[PDB]
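**Student:** Pasting the sequence and an experimental structure:
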Number of protein chains: 12
Amino acid sequence: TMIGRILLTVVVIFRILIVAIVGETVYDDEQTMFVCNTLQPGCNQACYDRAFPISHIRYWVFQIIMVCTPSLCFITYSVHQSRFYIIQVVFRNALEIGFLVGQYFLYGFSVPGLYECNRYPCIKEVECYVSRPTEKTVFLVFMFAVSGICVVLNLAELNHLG
Amino acid sequence: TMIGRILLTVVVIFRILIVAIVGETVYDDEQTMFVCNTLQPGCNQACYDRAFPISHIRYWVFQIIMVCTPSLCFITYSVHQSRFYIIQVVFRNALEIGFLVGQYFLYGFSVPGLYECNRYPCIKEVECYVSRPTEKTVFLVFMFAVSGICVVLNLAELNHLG
Amino acid sequence: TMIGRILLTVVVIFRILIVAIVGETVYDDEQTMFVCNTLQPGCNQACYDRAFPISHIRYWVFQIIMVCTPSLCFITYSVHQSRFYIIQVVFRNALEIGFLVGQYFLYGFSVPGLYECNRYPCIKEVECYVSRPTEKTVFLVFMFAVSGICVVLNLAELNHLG
Amino acid sequence: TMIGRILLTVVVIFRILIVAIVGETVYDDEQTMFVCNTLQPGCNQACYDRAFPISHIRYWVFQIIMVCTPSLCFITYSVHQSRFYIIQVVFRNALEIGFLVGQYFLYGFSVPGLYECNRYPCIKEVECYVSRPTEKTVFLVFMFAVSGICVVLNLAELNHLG
Amino acid sequence: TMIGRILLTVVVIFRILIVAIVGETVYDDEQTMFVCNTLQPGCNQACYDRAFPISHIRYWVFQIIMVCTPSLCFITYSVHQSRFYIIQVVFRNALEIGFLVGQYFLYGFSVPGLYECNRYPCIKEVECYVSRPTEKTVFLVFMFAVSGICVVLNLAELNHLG
Amino acid sequence: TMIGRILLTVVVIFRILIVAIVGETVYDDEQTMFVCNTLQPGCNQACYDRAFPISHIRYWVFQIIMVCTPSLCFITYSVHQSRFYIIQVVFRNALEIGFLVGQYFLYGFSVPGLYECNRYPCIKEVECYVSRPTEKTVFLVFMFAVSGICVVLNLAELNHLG
Amino acid sequence: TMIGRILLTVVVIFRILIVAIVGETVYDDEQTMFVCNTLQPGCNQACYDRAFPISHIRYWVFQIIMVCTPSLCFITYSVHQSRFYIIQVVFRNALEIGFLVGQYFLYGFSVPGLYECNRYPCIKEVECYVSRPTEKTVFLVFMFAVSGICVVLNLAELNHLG
Amino acid sequence: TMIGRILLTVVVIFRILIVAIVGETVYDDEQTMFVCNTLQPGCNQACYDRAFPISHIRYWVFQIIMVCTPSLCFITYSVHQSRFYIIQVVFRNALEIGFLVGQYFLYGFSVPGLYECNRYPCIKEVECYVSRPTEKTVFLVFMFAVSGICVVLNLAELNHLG
Amino acid sequence: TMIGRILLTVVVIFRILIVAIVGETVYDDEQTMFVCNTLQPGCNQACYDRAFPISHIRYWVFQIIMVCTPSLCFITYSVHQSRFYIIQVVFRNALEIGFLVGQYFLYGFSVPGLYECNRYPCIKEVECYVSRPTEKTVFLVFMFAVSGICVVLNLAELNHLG
Amino acid sequence: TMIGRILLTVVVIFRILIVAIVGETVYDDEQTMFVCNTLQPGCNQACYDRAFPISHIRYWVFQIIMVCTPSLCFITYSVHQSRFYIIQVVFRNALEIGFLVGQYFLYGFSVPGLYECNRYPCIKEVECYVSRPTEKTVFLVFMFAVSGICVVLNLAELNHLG
Amino acid sequence: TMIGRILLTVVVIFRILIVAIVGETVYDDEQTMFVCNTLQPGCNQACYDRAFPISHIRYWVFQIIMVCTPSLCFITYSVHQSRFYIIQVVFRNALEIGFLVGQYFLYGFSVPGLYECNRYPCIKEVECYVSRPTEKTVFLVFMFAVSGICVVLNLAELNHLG
Amino acid sequence: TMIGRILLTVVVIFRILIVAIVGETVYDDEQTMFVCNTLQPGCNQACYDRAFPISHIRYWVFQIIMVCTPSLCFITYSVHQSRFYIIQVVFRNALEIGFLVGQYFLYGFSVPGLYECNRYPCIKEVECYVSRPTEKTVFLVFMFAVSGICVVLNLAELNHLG
């Protein structure tokens, strides 16, 4: 139970570093290199918006910021100065399970190279083509693995205290 | 009444972080990906200007900066060194209610994908198409929720002292 | 007379923050989205240069830097270490009135959406179209209001000492 | 055995500096200057994705971050406060050998100027042309040499203690 | 003679701030908005290179860095620890007069809007058009004025000691 | 022999500052403004790669970093704590002579405005045109002069101790 | 009544010559120089078809051919060989009055330079521009005048016989 | 029965004149003004070929030539020189009924303005737009009416002789 | 008076031949090579229509046909078969004087190379450029000379009979 | 045997009329509407030349002219004036069988819509698309049928005389 | 003197045939393939007009028609029916010498491939390129030779009669 | 010797028909489909002019017209009315041998698909691509064969008379 805290801290810092340093530049050209086979003005905008409603990197930044709020609350309380420890552990567990489930329900496990679109002003159905699908799939899988590790560790400690 | 201060501080910091880190890059391509169905030079400029007079991110930065002025005044006074506390609380309450009302009156609750324009030099009425409407709607709703929380908390403390 | 100093310091810091954080990005696309109805090479350059000789943001940065020089002089003198206080107050007053008058004479109170140009190599008179006129007008008015407040406060203190 | 530690530290810092300062800007135009001889929409995307599944710089950043985790664990343990030293040395050795082998299996020793592509929606086989192949080959060879040096040094110390 | 040092320090800092904060962004589009009336490939490159051999901002950065070297030498000497003071004053005077003369001989007092070019591969003489000439002329004049002030002050002190 | 160390330190810092602040922005448009007279897809890539195998700025950054390694080794040794001084001086001398010779053999003393290319897929020989040749020639000459000064000084001290 | 036949024959031949020699080349560019202010594919086709359902020259050729059929019938009868004369005169009168009335109801008296179109796939209403409107108006008026003359003459002879 | 021959001859000559003089120029731009909403090379060719397999004017020329062959045979026989009259009348009747039926089965009674296409290399279904549909519909109806008249007359004479 | 008839016949035939053989091909590209300096759709059509309301060649064909009508009337009368001779001579004289006067009032004596246009949808005044002005001026002058000769001859004969 | 000559003459005239009146305008756009999926200059020319070495209409005109030479020889002989009749019949038979066989060996029975090309300067194999394949197939089949009829008739008469 | 008339008639007919059959199609693309190195609208029109004021083929048609007028006069006289023969011979001689001299003074003996133009709206001097110069030079020389032959023959006969 | 005249007449008429009916339309697109791999304005004109100085069809028309002049002379002589027969036969023989030799020396026996050009304004050597080379080669060979036949026949008759 001693090493579990050390590894939780290391996993958290590793995740923050990976997201902060490289993720902002895989997605930089997401819409500029999205293209559809069509001559209709406005079809690219509608089809990109329907294929990618919220970008992965925004979701990950939001999750990272939201999973650090109980610590800030505890720190502010202690600065003003055991039950608080229990409650914040419970809240962190709940938040991390919710975020992992939401990731699975929003994105799945892969990013395909083709997309079929039928939104106005596009006439009937059109075919569109995605940028960098393999790298984005790799990123998806890596983030899922890290978040799973964190969930396991927090449940470990929750059950250790009981 | 003890936790209310802690949560107000946490909400303020959370809002600042969310605005500072991600909001500058959803709106980056706002005008470059705005397009209208027309062959008239200058119509895109006029229609973009009429559809989006002040961008959301400018309004939010201004609001964030303006709601922190009473604290700076109090700090400068104390550095030079109860009535001041009362007055600054009143002013903060008023400013935050004004900004929330102004947000509601300026933008509403959604960003549509189509816009109908009838400004010179456009001939009669033309149709234009917006970039990333869903993400911008999500951002709008999130910011409204946070500001509502802050209003509630400040009224709480105002009525607590009385 | 006590609060006047506090509010002058707060106004100065507020102005610096507003100029530094957001103003660099309203004007970023000033020339790339300026367009004229013409087929003559070189007409866009001449008409943009005649319409906007010095950009607003350059003038504001220069003014902000120049109104802080008497303080730097006083600080350097004191570091090396009442008449100096008097003289620097006088100089600050003069500089701020000069800059406000110059702003009024250079730009006025609005930025129009159309511009009429008659400069070589343009044949006769041509019509050109501006980017983001409403936001720029709002910025103009806000900056004028802040500078007026600062002028009033400095005259207040000048007349207080006498 | 005294100098070996000094040179390991120097090699690590040298590698970090080289990757951090210059590598982000050789690869900046990787996809914008990739071009294929074709008139089919979407062929450039598919052929670029098949030729470069994971960019070199992403792999190198990931490797650099992952080879510094045992040190962070040891530091966190000591902050909380010989077997740990042994175990972390073993783990570092294993990680660095794995990463070097993976580099060899993923990329080889050269980047060619031409690429032959046969992925949908491209009709039959098409020819594509790469940007900056010589500089990228030089970078590949340099990184392999540095990582080899590091492997040798860590095996040296492992066998020194035994 | 007391105030002369204070004003020299203030002028130096003012010049550094003006060059560092704004000058990098007037010249950003220098070549992208340079255009010539021609259909010959390569003529724009040759004519831009002949019209602007060294950009103003490079010259000013170089001058600013080179006029601060005697101070660094004196500081390093004193850290290791009157004749040195004399010699460094002489050297600074010489360097600043040389740089002002070189500026006058390289650029003059204005930037014109048209340029006439006769370099290969351009056929006979062609006409080209410059970006932002008025702002660049204003910058030229301002920098000349500041450097003149600095020259006057340094000669003042040189003759004061004698 | 006293001043020689001071001037060596000043030259090193001057070189680092010049390379770090301005050199990254002369070369920014190196490939985007390279153009050849041809209609063949892929010829620009091959001819640019053959004309500029390694960019000047990469070579200079690498050289600057590599000539500071003996100092880092000596510092790490002393932190752990005359022969080391001797050896590191010898190594620095050798490295700086090698880098100067390599510069001369790689680039020479000028950058021409035209380039003649005969690489596949270009048909026979084609003519291409370079961006900013004069500024790049000036930079080449300046860097050679500085490195020569450094070589002279290090040989001076080597022969002083003997 | 003697000259009436001579002038009828001369008018008929004059009309045939004018239609046959020049009319085919005023209308040659009717659709190639028709243009609408729009970016929608297919709008030009629909708007041209709605503005000009049957071209003038087709109608005039058809009318000219149809008003010569009674003569051909009479000639064929006589070749095979007073009541027939009467009947054919009646039929010619009726046909020429019908054709003049139809011309008035189909085309009117002018061809305007602008046209307002609201047909699918055009979005809302668009503005289109016509080629050579003045010449076509002149042709319309001339043809109406000639046909009126012919009607008058044929009624003259009809009433002469009775 | 006397006039029937005269009117048959007149109808035949009228049809020949109408087809020969004007029909070649309604269809002249048939493929050059056919356009589809797509970016796929080769789709316009396939969709035009599927929409219009044999052009109307070719069919009409062929029919006109083929319905005059029995007369040529009879003329050649008589030049070499009642049963032949009978047989040629029968054959003409059969040929004209066959051609009218074939017209009805090939083309129908209208030409629509839109066409829906699903032929390779077009992806799924695309929409295409036709040139001059109303004029072509008018021509179709006129030709059907004339051919009906001719059929009626030939049956009349066939039944007259019996 | 004998030769006058011979020369009138020769002049008439010469004029007909010159108009019929070459004039149709100087004017063929009249609108396709007409160009204006503008980006407004529809401006070329309006400005061409205002500059050239009726083309020269149409006017000349009409005049040639109309001056031969009295001869056709006289021929038809004589075929059916001195006062008629007198009347037709008078009518021919009147028609030829009217046509010459109309030519002078419609076109003048030259065709300029530039045209200044101020018709909707053109914004203010624009400059347009004409095709083949010198050849058209030569043609104008030649036709005026020939028509003058014909007028003189017909007046000669009119006064000869009296 | 009497009717055989009449039908041979009718078939010959029918074939000449069909070829002369319509065939020149199906093939008019043969190369202008031929397109290949490629960016290589010169590939369209080579692939069109390899797909269609001799156009159908040229072959048919040549055949028609060459099968009428024996008649011209016989006519010229008789004008100068039974064995000649025999010889010319034999020659006509041979020529018509040769031309039919050559048609079968050159073109076959269909024109496909796609063509696969591998000629320099095209890189590897490319796909090209044909204009009006169905109409051209119909024309091929019709011409084969007519020529077969003619062959049968000429063999008939040859065997009739013996 | 007998053969001279025969050869004059043959030369005249040969010249007419050569001009009528082929000359109309060398000059067909005269302005469409004329191109200048410039970006100025309207420069091509002015430079083409200045380089080719009257096209060769127009001059040759005019000359051919004008040298046949004396024959028409003589024919008309004889139809109405030695001195006339004399006078018409004199006139033909004069006309043919005048036309040959005018050709020499208008065009010379060659058509160059380059043209240097300095007409408004072209800026300074521009270079333009001609279509088919060699064929046009050959045509010039051939026409001069034929006209010389005709002049010689007519002088021959003039001096023969005396 | 009887049939030789008949076959000469037939060959002459056959050649005239083949040249007149089809040859004008193989060469119609000769320059419009000529293309070179270059970006230099004016290079296509110079290279086309150097590759094809005189077009085949012009040479063939000229030859056909010139080989019929002796017949016209003989006809004109006889109309005015054995040695003349002899002389004209000799002249025809000479002319036909000269024209065949000139054809061989001007064009050879094939038309290649590629052409290598080195004429100003083209830089060094460029590659260009020809239209319809195979058809043009076939035409060349056919014309050579026919002219050879004619030469043989005329020599036959020349030697027959002696």
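**Tutor:** Received the coordinates, thanks. Numbering: from 1, shown residues only, chains lettered A, B, ... in the order given.
**Student:** ok, now which ones touch the residue of chain A found nearest chain J?
**Tutor:** Closest approach between chain A and chain J, counting by C-beta to the nearest C-beta: residue A:37, at 13.5 Å. All C-beta spots, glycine's among them, are computed from the backbone N, C-alpha and C. Residue A:37 sits next to A:126, A:127, A:128, D:41, D:42, H:38, H:39, H:40, H:123 when contact means C-beta atoms under 8 Å, 6 or more residues apart in numbering or on different chains.
**Student:** among the residues you listed, which are in helices?
**Tutor:** Assigned to helices by DSSP state H, none of the contacts of residue A:37 qualify.
**Student:** okay if I get the residues you listed as CSV plus distance to residue J:55 and neighbour count?
**Tutor:** Output for those, formatted as CSV (distance: C-beta to C-beta, whole Å; neighbours: other C-beta atoms under 10 Å in any protein chain shown):
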residue, distance to residue J:55, neighbour count
A:126, 38, 24
A:127, 37, 17
A:128, 41, 23
D:41, 33, 18
D:42, 36, 22
H:38, 29, 23
H:39, 31, 16
H:40, 28, 19
H:123, 32, 16
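**Student:** Give me the subset of those that also touch chain I.
**Tutor:** For chain I, no contacts are drawn from those by C-beta under 8 Å from any C-beta of the partner chain.
**Student:** got TSV for those residues, with distance to chain L too?
**Tutor:** Output for those, formatted as TSV (distance: C-beta to the nearest C-beta, whole Å):
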residue	distance to chain L
A:126	34
A:127	33
A:128	33
D:41	25
D:42	27
H:38	26
H:39	24
H:40	24
H:123	30
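**Student:** List phi and psi for the residue of chain A closest to chain J.
**Tutor:** Here is the backbone geometry of residue A:37 (degrees, to the nearest 10): phi -90, psi 100.
**Student:** Check the gap between it and residue D:41 for me.
**Tutor:** When distance is defined by C-beta to C-beta, to the nearest Å, residue A:37 is 5 Å away from residue D:41.
**Student:** Common neighbours of the two, please.
**Tutor:** Common neighbours of residue A:37 and residue D:41 (C-beta under 8 Å, 6+ apart) are H:39, H:40.
**Student:** How are the strands of chain A distributed by residue range?
**Tutor:** Secondary structure of chain A by DSSP state E: the strands cover A:35-36, A:114-117, A:126-129.
**Student:** The first one pairs with which strands?
**Tutor:** When you say that, I think you mean strand A:35-36. Using DSSP bridges, the strands paired with strand A:35-36 are strand A:126-129 (antiparallel).
**Student:** List the contacts of the partner strand.
**Tutor:** Strand A:126-129 is touched from outside by A:34-38, A:43-44, A:47-48, A:51, A:113-118, D:41-42, D:45-46, D:121, H:123-124, with contacts defined as C-beta under 8 Å, 6+ apart.
**Student:** what's the spacing between it and its chain's center?
**Tutor:** Chain-centre distance of strand A:126-129: 26 Å, with C-alpha atoms, centre = their mean, to the nearest Å.
**Student:** Now list the buried members of the contacts of strand A:126-129.
**Tutor:** Neighbour counting by 16 or more other C-beta atoms under 10 Å in any protein chain shown classes A:34-38, A:43-44, A:47-48, A:51, A:113, A:115, A:117, D:41-42, D:45-46, D:121, H:123 among the contacts of strand A:126-129 as buried.
**Student:** can you give me the end-to-end distance of stretch A:29-41?
**Tutor:** One end of stretch A:29-41 sits 20 Å from the other (C-alpha to C-alpha, to the nearest Å).
**Student:** quick one: it to chain centroid distance?
**Tutor:** 25 Å.
**Student:** swap in stretch A:61-77?
**Tutor:** Stretch A:61-77 sits 16 Å away from the centroid of its parent chain (C-alpha atoms, centre = their mean).
**Student:** Just the CA atoms of it, as CSV, please.
**Tutor:** This file holds the C-alpha atoms of stretch A:61-77, laid out as CSV (Å, rounded to 0.1, in the frame of the first residue of the first chain):
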residue,chain,number,x,y,z
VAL,A,61,-7.8,18.8,-20.9
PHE,A,62,-11.2,19.2,-19.2
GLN,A,63,-10.9,15.8,-17.5
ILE,A,64,-7.4,16.5,-16.3
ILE,A,65,-8.4,19.8,-14.7
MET,A,66,-11.6,18.4,-13.1
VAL,A,67,-9.8,15.4,-11.5
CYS,A,68,-7.6,17.8,-9.5
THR,A,69,-10.3,19.8,-7.8
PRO,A,70,-10.7,17.8,-4.5
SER,A,71,-7.0,18.3,-3.9
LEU,A,72,-7.3,22.0,-4.3
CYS,A,73,-10.3,22.1,-1.9
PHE,A,74,-8.4,20.0,0.7
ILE,A,75,-5.3,22.3,0.4
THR,A,76,-7.4,25.5,0.8
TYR,A,77,-9.1,24.0,3.9
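**Student:** what about the closest residue to residue A:66 other than its chain neighbours, how many neighbours?
**Tutor:** Distance criterion C-beta to C-beta, 6 or more residues apart in numbering or on different chains; nearest residue to residue A:66, sequence neighbours excluded, is residue A:95 at 6.4 Å. By the criterion of other C-beta atoms under 10 Å in any protein chain shown, residue A:95 has 17 neighbours.
**Student:** I'd like the distance from residue A:95 to residue B:3, if you could.
**Tutor:** Counting by C-beta to C-beta, the separation of residue A:95 from residue B:3 is 18 Å.
**Student:** My read is that residue A:33 contacts residue D:48, right?
**Tutor:** No: using C-beta atoms under 8 Å as the test, residue A:33 is too far from residue D:48 to be in contact (9.2 Å).
**Student:** what do the two both touch?
**Tutor:** Contact criterion C-beta under 8 Å, 6+ apart; residues shared by residue A:33 and residue D:48: residue D:31.
**Student:** Return the backbone torsion pair for the residue in chain A positioned nearest to chain C.
**Tutor:** Chain A approaches chain C most closely through residue A:32 (16.0 Å), counting by C-beta to the nearest C-beta. Phi and psi for residue A:32, reported as degrees, to the nearest 10, are phi -70, psi -30.
**Student:** Give me the nearest residue to residue A:17, chain neighbours excluded.
**Tutor:** Distances taken as C-beta to C-beta, 6+ apart place residue D:65 nearest to residue A:17, at 6.0 Å, with adjacent residues excluded.
**Student:** what's the burial count for the one you found?
**Tutor:** So residue D:65, with other C-beta under 10 Å, has 15 neighbours.
**Student:** Roughly how far does it sit from chain G?
**Tutor:** Applying C-beta to the nearest C-beta, to the nearest Å, the value for residue D:65 to chain G is 49 Å.
**Student:** For that residue, give me its contacts.
**Tutor:** A:14, A:17, A:18, A:21.
**Student:** ok, 7 Å please
**Tutor:** By C-beta atoms under 7 Å, 6 or more residues apart in numbering or on different chains, the residues touching residue D:65 are A:14, A:17, A:18.
**Student:** Sort out for me which of those are in helices.
**Tutor:** Counting by DSSP H, the contacts of residue D:65 place A:14, A:17, A:18 in helices.
**Student:** Just among those, which is most surrounded?
**Tutor:** Among these, residue A:18 has the most neighbours (other C-beta under 10 Å), with 19 neighbours.
**Student:** So for chain A, the centremost residue is which one?
**Tutor:** Centroid-nearest residue in chain A: residue A:60, 3.3 Å away (criterion: C-alpha atoms, centre = their mean).
**Student:** quick one: it from chain D, how far?
**Tutor:** Distance from residue A:60 to chain D, by C-beta to the nearest C-beta: 16 Å.
**Student:** next one: residue A:119
**Tutor:** Using C-beta to the nearest C-beta, residue A:119 is found at 19 Å from chain D.
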